[PDB]
Amino acid sequence: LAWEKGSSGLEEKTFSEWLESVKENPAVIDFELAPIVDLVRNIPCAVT
Amino acid sequence: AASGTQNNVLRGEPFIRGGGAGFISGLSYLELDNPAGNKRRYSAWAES
Amino acid sequence: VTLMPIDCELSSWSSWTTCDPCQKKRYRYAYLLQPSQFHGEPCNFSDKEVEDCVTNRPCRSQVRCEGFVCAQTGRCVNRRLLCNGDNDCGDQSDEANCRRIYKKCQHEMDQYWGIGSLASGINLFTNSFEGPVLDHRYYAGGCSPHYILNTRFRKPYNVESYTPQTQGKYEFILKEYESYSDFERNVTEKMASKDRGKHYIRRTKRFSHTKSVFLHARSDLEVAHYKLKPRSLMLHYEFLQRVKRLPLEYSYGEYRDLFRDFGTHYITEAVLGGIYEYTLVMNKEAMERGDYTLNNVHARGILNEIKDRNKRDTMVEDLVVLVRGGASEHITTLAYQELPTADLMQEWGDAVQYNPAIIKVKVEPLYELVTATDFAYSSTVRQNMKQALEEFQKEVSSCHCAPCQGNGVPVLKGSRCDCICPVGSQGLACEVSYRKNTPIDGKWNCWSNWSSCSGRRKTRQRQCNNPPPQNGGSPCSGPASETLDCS
Ligand SMILES: *[C@@H]1O[C@H](CO)[C@@H](O)[C@H](O)[C@@H]1O
Ligand SMILES: *[C@@H]1O[C@H](CO)[C@@H](O)[C@H](O)[C@@H]1O
Ligand SMILES: [Ca+2]
Numbered sequence: 434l435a436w437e438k439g440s441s442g443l444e445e446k447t448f449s450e451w452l453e454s455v456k457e458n459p460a461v462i463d464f465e466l467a468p469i470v471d472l473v474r475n476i477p478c479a480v481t
Numbered sequence: 340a341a342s343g344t345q346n347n348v349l350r351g352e353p354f355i356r357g358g359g360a361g362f363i364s365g366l367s368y369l370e371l372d373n374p375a376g377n378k379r380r381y382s383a384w385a386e387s
Numbered sequence: 004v005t006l007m008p009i010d011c012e013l014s015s016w017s018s019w020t021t022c023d024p025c026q027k028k029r030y031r032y033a034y035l036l037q038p039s040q041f042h043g044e045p046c047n048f049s050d051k052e053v054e055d056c057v058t059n060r061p062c063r064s065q066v067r068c069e070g071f072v073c074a075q076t077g078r079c080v081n082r083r084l085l086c087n088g089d090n091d092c093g094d095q096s097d098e099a100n101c102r103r104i105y106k107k108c109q110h111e112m113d114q115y116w117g118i119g120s121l122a123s124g125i126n127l128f129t130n131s132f133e134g135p136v137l138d139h140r141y142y143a144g145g146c147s148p149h150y151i152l153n154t155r156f157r158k159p160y161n162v163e164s165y166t167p168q169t170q171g172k173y174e175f176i177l178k179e180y181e182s183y184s185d186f187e188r189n190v191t192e193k194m195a196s197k219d220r221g222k223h224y225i226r227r228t229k230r231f232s233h234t235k236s237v238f239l240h241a242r243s244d245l246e247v248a249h250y251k252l253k254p255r256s257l258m259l260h261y262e263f264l265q266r267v268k269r270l271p272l273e274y275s276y277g278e279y280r281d282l283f284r285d286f287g288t289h290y291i292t293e294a295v296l297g298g299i300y301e302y303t304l305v306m307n308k309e310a311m312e313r314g315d316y317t318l319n320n321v322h323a350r351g352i353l354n355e356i357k358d359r360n361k362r363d364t365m366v367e368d369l370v371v372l373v374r375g376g377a378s379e380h381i382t383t384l385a386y387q388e389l390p391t392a393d394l395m396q397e398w399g400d401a402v403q404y405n406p407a408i409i410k411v412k413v414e415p416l417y418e419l420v421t422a423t424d425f426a427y428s429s430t431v432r433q434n435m436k437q438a439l440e441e442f443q444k445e446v447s448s449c450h451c452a453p454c455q456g457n458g459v460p461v462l463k464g465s466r467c468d469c470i471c472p473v474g475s476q477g478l479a480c481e482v483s484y485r486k487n488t489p490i491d492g493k494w495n496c497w498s499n500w501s502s503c504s505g506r507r508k509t510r511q512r513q514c515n516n517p518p519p520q521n522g523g524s525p526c527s528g529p530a531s532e533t534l535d536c537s
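Residue numbers (the authors' numbering), protein chains in the order written: chain B, 434 to 481; chain C, 340 to 387; chain D, 4 to 197, 219 to 323, 350 to 537.
Below is the structure:
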């Protein structure tokens, strides 16, 4: 899909084969964050 | 009296990092008819 | 051919060294003074003469094997390697009388491809692997799982990393030039009266055409990278045994044979690859002349008429292909005259993974192998070997060789110089060609050895070698004169 020059607009054959492959390995596109420092509970001296 | 002259140059320089050894030499084999790359060879490189 | 061949000469002999305390022999040697060329007769004599001795000087040759003596090879191996289920001595000695054996490798594990080939030192001047210097069948425990694709491998103890580093380049050029010319010039003149008349004609053509096509396509494929460890190395026993046979006295001939048998330098870092160079070079020409004339008189009458018509066409074409890694079925089809269909190219590169050549390599002088944990009087053997290495470079460097015709390249294997002939010229000196002329590339004579101490100088000339005859290429690759401190 990244190779497609795009002059036609989307070639649905390639876009669908890519989209099926996106089911097989995604990427984070948008995200909701909490700060790292809220996580930690196992470690000795955790609170400190 | 008549005079005529012509000139042509082509240079092309595919470069690759990562890929399986055969797929690399496959993709990088320059096509005069398709200088960016044959889409299946390119997809195979992108697999390897 | 314009030849009278050059037969070999070695020098008149050195004086003998005094008898070596530890080798109990004495040695005499000669310099190679003029190599065999044009099929002039060899005089090689294996470059040496040696004799036994009766002297009684003390010798300290007993550097202790701390672990276990490998009975046949004279190697030592550390005691954790006995009964490891592996041949650490070369001749399986270490695995004798094992009250139990302990295995380590849980699976079969290939040697990385060519890893035993990298184990050998190079003659840097012929650019050749000569023979075996480090034991790339030695595994020191080892058995760490390494993978390339899905294949699994064992790394020789001597090697720091063998890793795919999987890189590829293609570089292509195509060029065309063309030029055309056509000229036509005419005359006509007439007279008449009532009786007499006259006529004259000329017609002409001159024409020319030229073309070149040039194509070059190169691929470099680099699908392993080797680095050897800096030191703590484990030597191949055949090298180790000539090193234990070197004199502590200095006499260059015995040291010369180590460089012949085991190379001048050991390979420390190399990129491991396939190359597929293709070049196609074409020059094409055509020419014509046409010319036509008449003259007439009338009074009685006379006619004259002439034609002259001419054509030439030619092509000179050369193609070269070099391929340096892969498997023989792919290698031959790539080596075919046609630009390779990308399936071939794929199957070739896939096999480069299994049989590379060295693409680029960084090498260390072999005396850094010679070490106090491995040899007695080691530092004297090093200093000797350093001097011999410099004298050997002066012998193996090609400069003695008389110039090839047709821009041929000398490589000076053994003690013969043979001119490698390019495409389009043939014969012993590369003389025999259909072509008018060829550009020549420059190289010097052998450099003058040194001037005096307190600032020292070396000097070079190109008297026969030079580019200007028949309009050659570059004269140079380094400094046309050279100077240094004495210390
Ligand atoms: C060493 O070399 C010279 C040169 O041929 C010989 O006369 C003789 O072998 C000498 O000992
Ligand atoms: C003579 O001396 C140098 C040594 O630095 C050689 O490398 C070279 O051949 C030069 O002419
Ligand atoms: Ca063993």
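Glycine included, each C-beta is placed from N, C-alpha and C at the ideal position.
Taking beta-carbon pairs under 9 Å, can you tell me which members of the region 364-386 of chain C lie near chain B?
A375, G376, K378, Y381, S382 and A385
Answer yes or no: do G358 of chain C and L369 of chain C have a C-beta to C-beta separation smaller than 8 Å?
By the CB criterion at 8 Å, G358 of chain C and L369 of chain C fall outside the cutoff.
Strictly under 8 Å for the Cβ-Cβ distance: is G399 of chain D near chain C by that measure?
yes
Can you find a CB in chain C that lies within less than 8 Å of the CB of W451 of chain B?
Proximity of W451 of chain B to chain C, defined by a Cβ-Cβ separation below 8 Å, is not satisfied.
Along the chain, where does the alpha helix (DSSP H) containing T430 of chain D start, and where does it finish?
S428 to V446 is the extent of the alpha helix (DSSP H) around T430 of chain D.
Which residues in chain C have a C-beta closer than 9 Å to the C-beta of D185 of chain D? List them in chain order.
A340, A341, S342 and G343
Would you grab the beta carbon distance between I381 of chain D and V373 of chain D for me? Rounded to a whole angstrom, and I think it's under 8 Å.
6 Å
Only counting the same chain, and skipping five residues up and downstream in sequence, which positions put a Cβ closer than 7 Å to that of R432 of chain D?
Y417 and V420
Residues of the region 164-192 of chain D in Cβ contact with chain C at a cutoff of 9 Å, in chain order, please.
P167, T169, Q170, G171, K172, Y173, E174, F175, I176, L177, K178, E179, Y180, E181, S182, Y183, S184, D185, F186, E187 and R188
Return no unless some Cβ of chain C is closer than 8 Å to the Cβ of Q403 of chain D.
yes
So does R82 of chain D have its beta carbon nearer than 7 Å to some heavy atom of ligand 2?
no
Which residues end up in the neighbourhood of ligand 2 when you take C-beta atoms closer than 6 Å to any of its heavy atoms?
D:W497, D:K508, D:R510 and D:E532
In whole angstroms, give me the CA-to-CA distance for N126 of chain D and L137 of chain D.
So the two alpha carbons sit approximately 15 Å from each other.
Check this for me: beta carbons of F442 of chain D and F286 of chain D, under 8 Å apart or not?
Against a cut-off of 8 Å, the Cβ pair of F286 of chain D and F442 of chain D comes out as no contact.
Is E98 of chain D a contact residue of ligand 3, with contact defined as CB to any heavy atom under 7 Å?
Correct: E98 of chain D has its Cβ closer than 7 Å to ligand 3.
By Cβ distance, which residues of its chain are closer than 7 Å to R82 of chain D, with the 5 residues on each side in sequence left out?
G70 and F71
Looking at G134 of chain D: is its Cβ nearer than 8 Å to the Cβ of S123 of chain D?
yes
Whose CA, out of D:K410, D:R507, D:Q513 and D:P525, lies closest to the CA of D535 of chain D?
D:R507
Give the range of the beta strand (DSSP E) segment to which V370 of chain D is assigned.
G351 to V373
In three-state DSSP terms, what is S39 of chain D?
strand
Which residues neighbour ligand 1 when neighbourhood means a C-beta less than 7 Å away from any of its non-hydrogen atoms? List them by chain order.
D:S15, D:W16 and D:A33
According to DSSP, simplified to helix, strand and coil, what is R313 of chain D?
strand
Cβ of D94 of chain D within 7 Å of any heavy atom in ligand 3?
no
With 8 Å set as the bound, which would you pick, yes or no: does the beta-carbon of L245 of chain D sit closer than that to a beta-carbon of chain C?
yes
Report the option in D:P525, D:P489 and D:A438 whose CA atom is closest to the CA atom of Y34 of chain D.
D:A438
Please report the Cβ distance between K308 of chain D and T364 of chain D, rounded to the nearest whole angstrom; I am assuming they are in contact, meaning their Cβ atoms lie under 8 Å.
7 Å
With hydrogens ignored, establish whether the beta-carbon of residue 585 of chain D is closer than 7 Å to any heavy atom of ligand 3.
Absent from the structure is residue 585 of chain D, since the part of chain D shown begins at 4 and ends at 537.
Cβ of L85 of chain D within 7 Å of any heavy atom in ligand 3?
Yes, the Cβ of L85 of chain D comes within 7 Å of a heavy atom of ligand 3.
Taking the beta strand (DSSP E) that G351 of chain C falls in, what are its first and last residues?
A341 to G351
For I408 of chain D and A294 of chain D, which I take to be in contact (beta-carbon distance under 8 Å), what is that distance rounded to the nearest angstrom?
5 Å
For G522 of chain D versus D491 of chain D, is the C-beta spacing smaller than 8 Å?
In this structure, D491 of chain D lies closer than 8 Å to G522 of chain D by Cβ.
Can you grab the Cα-Cα spacing for the pair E445 of chain B / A385 of chain C, in whole Å?
20 Å
Beta-carbon separation of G361 of chain C and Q396 of chain D under 8 Å?
Going by C-beta atoms, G361 of chain C is nearer than 8 Å to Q396 of chain D.
Compute the minimum distance between the beta carbon of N499 of chain D and the heavy atoms of ligand 3, and state whether it is under 7 Å.
no
With 16 as the cutoff for other CB atoms within 10 Å, does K158 of chain D come out buried or exposed?
buried
For a test of your reading of the model: does the CB of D10 of chain D fall under 7 Å from any non-hydrogen atom of ligand 4? Yes or no.
By its list of ligands, the structure shown excludes ligand 4, since it contains just ligand 1, ligand 2 and ligand 3.
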